[PDB]
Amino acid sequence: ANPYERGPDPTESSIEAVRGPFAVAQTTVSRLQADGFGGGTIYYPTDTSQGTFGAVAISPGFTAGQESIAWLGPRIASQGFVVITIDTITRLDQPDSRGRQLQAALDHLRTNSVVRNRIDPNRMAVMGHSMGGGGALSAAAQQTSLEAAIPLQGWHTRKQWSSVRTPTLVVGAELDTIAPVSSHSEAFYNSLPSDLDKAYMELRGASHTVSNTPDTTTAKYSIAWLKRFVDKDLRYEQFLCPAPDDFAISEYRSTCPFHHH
């Protein structure tokens, strides 16, 4: 039995839900309290009876505040994760710096008095929008123990990601003119190792801002990816393999079936 499974057996509806099965609470990390990042909000399940949970850090993009990705916090955490949505040190920080800040936010959770006993510090993930998604890739390249990475309309000058060993879901926006998929998202996906567990999901008709307000497709597949890889939860592979049929997805590529033990 997989000791990391949390919550009831899933359905398409359960992964689409705005609130998942876990009631959540939150705590604020002030900029002063944060070492190596700009502060954030931690969302976490209050129920401890199923065990500890994986941890996820989420970064905004260039010029943007935490508020641009805040909706992801409770939507993911309520599926059984401890999630920190960060501010960066400055809004004009570059991608590799954002990756260091994502790692610093995860490291902060290890000693945070509200959540340190609620996390499994060995099961961590990174996500981010725009340069924050470039940051997520950067963090994975620097810390191969990360269990998942999810760049949302990622932006990075570095196009080569052959060193990544963290299962990665690359989410592109079809009509993105800021981080166009041909030069950013698709290039990142094509340079990830061919033997990595990975997927590329392009959002039909979407602009760069699709991640900045609730988007069910983004949420549902982020949830499924984090479950599958942070929790090793094979109940969630059904949503990822074979290719999803959602209207909102204009293209899907993957290395299905994914590896497991």
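Heads up: residue numbers just count along the shown sequence, starting at 1.
For the two regions 192-200 and 59-67, the entry's Cα B-factors average higher over 192-200.
For the two regions 109-117 and 150-158, the entry's Cα B-factors average higher over 109-117. The top Cα temperature factor in the record, among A206, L234, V29, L226, falls on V29. Of the residues listed, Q103, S182, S78, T85, the entry assigns the biggest Cα temperature factor to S182. Ranked by Cα temperature factor within the chain, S163 sits in the highest third according to the deposited record. Split the chain's modelled residues into thirds by C-alpha temperature factor. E16 is in the lowest one.
Sort the chain's modelled residues by C-alpha temperature factor and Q33 lands in the highest third, per the entry. Looking at the C-alpha B-factors along this chain, the one for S211 belongs to the lowest third. Sort the chain's modelled residues by C-alpha temperature factor and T217 lands in the lowest third, per the entry.
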